[PDB]
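Note that we place each Cβ from the backbone using ideal geometry, even for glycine, and neighbour counts take in every protein chain shown. Any read-out appearing in this document is the output of simple, stated calculations on the displayed coordinates, not a laboratory observation.
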Amino acid sequence: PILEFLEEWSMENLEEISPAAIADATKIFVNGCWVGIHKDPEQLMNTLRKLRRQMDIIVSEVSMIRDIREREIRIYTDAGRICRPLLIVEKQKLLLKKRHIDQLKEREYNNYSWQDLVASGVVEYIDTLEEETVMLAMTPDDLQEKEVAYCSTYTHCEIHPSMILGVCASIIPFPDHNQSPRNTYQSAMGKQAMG
Amino acid sequence: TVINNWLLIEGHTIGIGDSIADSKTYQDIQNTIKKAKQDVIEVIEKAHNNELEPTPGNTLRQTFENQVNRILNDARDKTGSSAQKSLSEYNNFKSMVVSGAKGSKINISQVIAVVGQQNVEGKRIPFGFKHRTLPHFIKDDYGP
Amino acid sequence: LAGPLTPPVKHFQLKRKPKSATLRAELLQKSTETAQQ
Amino acid sequence: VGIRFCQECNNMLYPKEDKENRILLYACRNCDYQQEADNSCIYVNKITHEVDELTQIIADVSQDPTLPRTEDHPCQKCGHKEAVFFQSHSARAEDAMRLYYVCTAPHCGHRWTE
Amino acid sequence: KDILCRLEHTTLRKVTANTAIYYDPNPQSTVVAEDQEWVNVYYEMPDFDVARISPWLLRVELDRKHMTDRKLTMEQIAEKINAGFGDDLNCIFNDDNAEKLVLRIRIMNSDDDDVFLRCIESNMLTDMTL
Amino acid sequence: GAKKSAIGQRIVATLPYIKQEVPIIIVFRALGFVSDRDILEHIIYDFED
Amino acid sequence: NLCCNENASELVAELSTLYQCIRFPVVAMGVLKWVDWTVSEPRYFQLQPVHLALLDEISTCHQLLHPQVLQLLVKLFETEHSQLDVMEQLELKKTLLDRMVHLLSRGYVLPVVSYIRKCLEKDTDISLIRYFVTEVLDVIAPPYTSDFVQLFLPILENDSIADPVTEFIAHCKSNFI
Amino acid sequence: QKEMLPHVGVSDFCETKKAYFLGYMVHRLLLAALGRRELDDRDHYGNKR
Ligand SMILES: [Zn+2]
Ligand SMILES: [Zn+2]
C-alpha cells in the first residue's frame, strides 16, 4: 500500500528516469529497496506523517526517516524494529488537550481507549532510527514553555521519563538517588525475591 | 570485644540529617555551578568563533576538551571542599571517613553536593546519535 | 610634600613602543563593543 | 582536472603525448579515438585537502527541527533574522569548530561561515 | 626542540602541500608563468636538459609552516631526493623565499614515461625520509 | 610493487558463493553496462565533483 | 564594585573605566593587590591574559609602583604549576617576561636585568632568557649608559644563538668598554 | 541474477535496479572514503532487529 501511495504521488521510478537528475532529487527507500526519487521531500514527509497519524494507508508501526544531509527518505515496515509512543508537539504546544484526558477518565462505560489516542494522531510510535530525526521534549510543563529558549522547535514530547526504566527496575523507589550499580544489583535481586 | 561492648553504650548510625548542609552551603554550591556553566559557555563560544587557539601538539578538539574537563574538575573539587567545610563534628559521614573504615571524601562530595562528571573510556559521553548524546539536546552541543 | 619629581633616567630611545599599547587599543575597542550591548 | 569519456564508446580518455607536435592528446583505448587535450596537467590532489564545507552544505538543512537556530546573525541576501548554525563535523576535520550558518528563509538558502 | 626535530620521522607527505603532474614538454617556456619566472632564473643555467629531459613536469608545492617547524630548507630536501634517486630525477627548485615552496621534477636524460611519475610521487610521499 | 601503489586504491567485491573477490566495473559489465560513463552515472550522480 | 562582583566576566567591559580609575595612584595600588591575590591563587589559569594588561597599565602610569609589580612578577615567575602543561607553563613565563619587558620600557631597567642575570647564573631554562634578550633587543635603540651595559652585557656571552644583536655588540664594544 | 541482491528482485529487468543499488553502495563507500558522510556503528541500535 505504501508503494501504491507513492505511485499515486509524484514518485519517480528508477527505470523511468535519466540518471542525471538523481543528484537534484532525494532518494526513496522502502525496507532497504531503492524504489525511486522525489523532488520535494518535505511535502512527502508531511503527507506521510499526516497519513500515519490518521492511519489511512500506513499502520502506526511503519517508521519514516528523512536524512537531509544525504537527501534520503528511508521507510521501514518490516518486523523486528522497536518503537515507543511519544506525544506530538506543534507550534511548541501539545496536541493532547484536556478533553482527551476527560475521555480517558471515563474509559469503562465509554469504550474510549488508547487506540482512539492513536487514531486521533496525538500519540505516535517512534523507533530508534526515527528518533535521530526528532527534537524531543522531556516534560511539557517547562521545556516547551517560553523561556530563554534552549530550543524553539520541539516535534515530540515524552509521556513520562520514568518509562525508560525496566519491568523489574521500575519497582525501585527513588532510583535516581542511588549509585547505578546498586540499581543493577536490585534489578538482578528482585527476580530472586520470595513472594 | 571491648570496643563493641562500649559501642553499645555509645552507638553509631547514619541518617538523612547527616546528609544535610546549610542553606548557605547549597547556595554557594549553586553559585559555583552557575559560574562553571557560564565559563564552559564562554569556552564553547570562543571555539565556535575560532578564537580558541590550540595548544602545541594538540588539535583544537583536544585543547577544548582539556579546557572544559579541567573546568569541570576544579568546579567539582571546589564544591567538594565547600561541602567538607559544612560538615559538623557529629556527622556520621565524617565519622566514617575520618576513621577511614568506609567511604572517602569523594563519596561525601558526591552524596551532598555534586555527583560529578561521568566518563566512558576516559572521555565524556559520546554522540550515540548523529551529533547528539540524546534526542533531548540540540545538534552540535558540547555543554556539561 | 616631596617637591617636584625627578623624571626617569633615560637610557635609550624607543624607536617603537611595546605592543602593550596595541593590546590597550584592542582591549579598548572590545570594551567599546561591550558598551554597545 | 577535467575528466572526459570517449565520444565513441564512453570509456575513459587517457592523456598521451605526441612527440611530433608536443601537445597533450586525450586518447581513448580499445577504440583508438583521439582528442585535443588542453589542460597541460593530468592530475592534481591537494594533500592539504582543506576543502570548503559550503560545497557540501545543503540548504535543505534549514528544515531540520534538531539543529540550533540563532536570531542574532541576519542573512546577506534578505536579512532574515533566524539562521540555523552548526558544525560541519566531517572527516578531514575535528580541528575546525567554526559555525556554518544557513539562512532559514524559504527559497533563500544563503550559506556562510564565520 | 631542535634535537626533538632531528628525531621525529619526517617524510615528503608531512611537509608537502600539493602536487601536480603538469605536462610541459618544453623546459624553456613552462606551462605555468608562476613556474616560468624562477625557471628562467634557474634554466638560465641549461643543465642536464641540454642532452635531453623528460617531457613531463612534476610540480610540488610545500607548506612553509611545516618547513619552519621542522627547521628544513628546500636545498637539503633536494639533496636527500638526489641521494635517493641519482641521476634518475632532475630536481629544479625555486628560491626558498617565495609564498609557495615549489619544486619541479623531471626524469634523467638517459631515459612507463607518465605513470612512472605517479610511481615516483607515490613512493616519495611516504617512504622517503627527510 | 611500484605500480599498484602508483595508480592508487582499488575497490573489490566478495560475492556470495565466490571465494575470490572481483573488481566492481567487472560486475557492472556483467550486468550489461559497457559504457563507463553509464557505469559512473550509476555511481557518481553528478560529474562536477 | 568591579573587584568584588566576581561574576567578573564583565571585566572586558569595565576596562576603560578601570584604566581611568587606575589614573588615581591609590586605586592602582588597590588593583595591584587585588590582581596579586587573584593570580596568586592556585588554578587561576584556565583562560587564553587580562590582569597582566592591568599590571602593564599600572607600570605605565606610576613609576613609583615599579618595584611592587616586579616583586609580584618574579613571584609568579618562580611559582611552579602542576596542572598546566609544560609548554603552557613555558608560554605563561614568556608572557610574564613580556610584562617584564614592558616594565623595563618605563626606565626600571637595572633591577629587572639584575634579577634576570641572577636567575640565569643562580635554574630557569636558557630559552626563556634568550627570548627575553630578544625582546629587549627588539625595541632598544642607541645611545646607552654605563650601568645598563654593565648589567646587560655580561649576560650576553653565555649563549651564541640569535641583526640588532651584532649591532648592539658593535656599539657597546666600540663605545662602552 | 538470484544469489546477489535477492531483496531487490530476481526478475529480468530488475538487473537495472540492482545495478543502481550497487552503484549506491559503492557511492556511499566513496563518501566514507572522502568522509562526506560518517562511518556507521555496529552498536547503533537502529541497525538491529
Ligand atoms: Zn568511447
Ligand atoms: Zn537569506
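Convex hull volume of the C-alpha atoms in segment D:1-78, normalised per residue: 223 Å³.
For the listed residue pairs B:37/B:78; A:50/B:130; C:10/G:93; D:46/E:14, the alpha carbons are over 20 angstrom apart in A:50/B:130; C:10/G:93. Each of A:34, G:34 has some number of other Cβ atoms within 10 Å of its Cβ, and from fewest to most they run G:34, A:34.
Along segment B:26-32 the Karplus relation, 6.51 cos²θ - 1.76 cosθ + 1.60 evaluated at θ = phi - 60°, assigns HN-Hα couplings of 4, 5, 5, 4, 5, 4, 4 Hz to successive residues, with x for each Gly and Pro. With all projection directions averaged, the alpha carbon convex hull of chain H covers 4.4 nm². Each listed q (0.14 Å⁻¹) maps to a log10 I(q)/I(0) for chain F from the Debye sum over equal C-alpha point scatterers, namely -0.49. Scaled against 2.2 N^0.38 Å for its residue count N, the alpha carbon radius of gyration of the protein assembly as shown is 1.23.
Each label point was placed 7 Å from the Cα along the Cα-to-Cβ direction; for residue D:31 and residue G:2 their separation is 7.6 nm. Each of residue F:11 and residue H:43 was given a label point 7 Å from its Cα along the Cα-to-Cβ line. The distance between the two points is 3.0 nm. From the Kirkwood radius over Cα pairs of segment E:2-130, Stokes-Einstein at 25 °C and 0.890 mPa s returns a whole-number translational diffusion coefficient of 162 µm²/s. With R₀ fixed at 56 Å, the C-beta to C-beta distance from residue H:1 to residue E:73 puts the FRET efficiency at about 0.35. Orientation-averaged projection of segment A:1-137 equals 9.8 nm² [convex hull of Cα atoms, one quarter of hull surface area]. Our summary gives chain D a relative contact order of 16 percent, counting only alpha carbon pairs under 8 angstrom and 6 or more residues apart.
The per residue volume of the convex hull around the alpha-carbon atoms of segment D:1-45 is 75 Å³. Panel note: the C-alpha atoms of segment B:49-90, placed on their principal axes, show extents of 51, 21, 11 Å (largest first).
The Cα center of segment G:99-173 and the Cα center of segment G:77-94 differ in position by 22 Å. Using the Cα centre of the protein assembly as shown as origin and beta-carbon charges of +1 (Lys, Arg) and -1 (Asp, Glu), tell me which of E:50, E:11, A:48 is placed farthest towards the positive end of the dipole. It is A:48, whose Cα lies furthest towards the positive end. Counting every alpha-carbon pair across chain G, the share separated by more than 23 Å comes to 46%. Scaled against 2.2 N^0.38 Å for its residue count N, the alpha carbon radius of gyration of segment D:46-114 is 1.13. Taking each DSSP H run with n ≥ 4 as -39500 (n - 2.57) and averaging over every residue of chain F yields -9000 deg cm²/dmol at 222 nm. Simple spin-label estimate for residue A:61 and residue G:167 gives 8.4 nm between the two label positions (7 Å along the Cα-to-Cβ direction from each Cα). Between residue G:118 and residue B:127, the C-beta separation translates, for a Förster distance of 56 Å, into a calculated FRET efficiency of about 0.55.
With Cα atoms defining each centre, segment B:98-144 and chain C are spaced 46 Å apart in the structure. Taking amide H as placed 1.01 Å from N in the peptide plane, residue E:11 has its amide H under 5 Å from the amide H of E:130, each at least 5 places away in sequence or on another chain. At an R0 of 30 angstrom, the distance between the Cβ atoms of residue H:11 and residue D:14 translates into a FRET efficiency of 0.20.
Taken along its three principal axes, the alpha carbon spread of segment G:26-122 comes to 35, 34, 18 Å, from the longest extent down to the shortest. Put simply, the C-alpha atoms of chain B give a gyration tensor, and the ellipsoid matching it has half-axes of 40, 16, 14 Å, longest first.
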